[PDB]
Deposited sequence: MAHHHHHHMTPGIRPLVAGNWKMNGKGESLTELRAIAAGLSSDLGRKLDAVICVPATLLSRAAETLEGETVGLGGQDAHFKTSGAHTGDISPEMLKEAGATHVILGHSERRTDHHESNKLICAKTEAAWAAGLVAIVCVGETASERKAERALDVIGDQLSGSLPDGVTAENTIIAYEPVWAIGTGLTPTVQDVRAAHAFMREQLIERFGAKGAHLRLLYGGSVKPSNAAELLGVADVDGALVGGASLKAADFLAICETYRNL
């Protein structure tokens, strides 16, 4: 499985930040970048400008959310077609921050996931359990439910990526923690999707930094990362990518 390092800028980044994007492009201009895929998910306000900056580079662009409809009376909401037409190849769906603060349900994320595929986008679908779900020993129940409710029947290794977010630690998770969450995801996805389940990229979406990337990304059934803060600066992001030097 080819690795993917995806950056989630969350609600950071304006015109000035585009330099970081260029530097990431530059850093992956060589042998390193030929070895992995990389996608940076920027705010919707920055996407077209970022698409221009990245024209002819290996680095892909994501949005951080999209609606389930193509268009309509939905003030303030962005369609996946809009993301597509502005230059996105990917969109993050079901991020913990939206499941929690925006109350997004598994059903909604499923509908967003189909609509994303219909617009030509790869869905980066996030799952993850809270501290109390974990303290209550329901971690796997919850991850399992999120995966079976958030993912539509038509998943392929090409149209869907899964990111695991240990929301519970928002504590640092152990290698052991990461290992057991990702083995569980892999077995869940194979049970439901068979062959292609084995090919779906599972990204680790906990706290990923240059200093912990080697240990976390060397874990079985981790196929990359959904990097938060460390993706805002090209030097951090590139040092995380350095992991796949070999």
Counting from 1 along the deposited sequence, which stretches lack C-alpha positions? 1 to 12, 183 to 185, 262
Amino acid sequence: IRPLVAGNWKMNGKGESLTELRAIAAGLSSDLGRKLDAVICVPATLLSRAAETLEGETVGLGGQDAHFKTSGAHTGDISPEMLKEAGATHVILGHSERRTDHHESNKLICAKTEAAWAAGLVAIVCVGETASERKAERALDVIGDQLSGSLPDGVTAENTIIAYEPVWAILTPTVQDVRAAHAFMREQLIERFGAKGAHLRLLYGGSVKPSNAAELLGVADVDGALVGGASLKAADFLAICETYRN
From here on, numbers count along this sequence of modelled residues.
Which wins on mean Cα temperature factor, 191 to 199 or 36 to 44? 191 to 199
Taking the deposited Cα B-factors and averaging over 153 to 161 and over 96 to 104, the higher mean is found in 153 to 161
Could you say which of 175, 73, 111, 82 has its CA atom at the highest B factor, as listed in the PDB entry? 175
Determine which member of 127, 121, 78, 140 has the highest CA B-factor, using the values in the deposited entry. 140
For residue 183, does the deposited CA B-factor place it in the lowest, middle or highest third of the chain? middle
Sorting the chain's modelled residues by C-alpha B-factor and splitting them into thirds places residue 65 in the lowest
Tell me, lowest, middle or highest third: where does the Cα B factor of residue 238 rank within its chain? middle
Taking the entry's C-alpha B-factors for this chain, is residue 25 in the lowest, middle or highest third? highest
For residue 88, the third of its chain into which the C-alpha B factor falls: middle
